[PDB]
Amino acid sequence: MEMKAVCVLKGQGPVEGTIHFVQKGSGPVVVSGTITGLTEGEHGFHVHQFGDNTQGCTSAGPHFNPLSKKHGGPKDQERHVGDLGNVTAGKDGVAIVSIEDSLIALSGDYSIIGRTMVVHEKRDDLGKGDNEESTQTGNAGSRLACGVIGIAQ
């Protein structure tokens, strides 16, 4: 009935965060949390494929993409399962994460349990950029902090 998850974001830099997930029945995944130590503005936020922290955030691999689609924003029909768009930090360096998404899940084929949340150096262009990179990573740049998505009480 009710699934819950948690992710502790850590990096080599000063970006830290806690993300909570909750999914009631087949209702959407409600995502809520904070990230701190960010530069002011938009930062890409995606579920990456692998919950593998052997190489910091590098070993998380690419956006979770079981449908083998191109990169989008959450509202796009053409998106990675893992494409959760951008979070906005204010001048205090804090983003409030508040996302509702029905493509991700906490169970079944699309479950993100044991995958990695990543927050990025730069704005995700939502796949609307001109170059090839936009269709891949939305040009969100480097990985500031990541964590493995765990089952929570």
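Numbering starts at 1 and follows the sequence shown.
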(request) Give the stretch, out of 128-136 and 18-26, with the larger mean C-alpha temperature factor in the deposited entry. (result) 128-136
(request) May I ask you to compare 82-90 and 65-73 by their mean CA B factor in the entry and name the higher one? (result) 65-73
(message) Split into thirds by Cα B-factor across the chain's modelled residues, where does residue 56 land: lowest, middle or highest?
(response) highest
(request) Name the third of the chain's ranked CA B-factors that contains residue 1, choosing lowest, middle or highest. (result) highest
(message) For the chain shown, is the CA B-factor of residue 102 in the lowest, middle or highest third of its modelled residues?
(response) highest
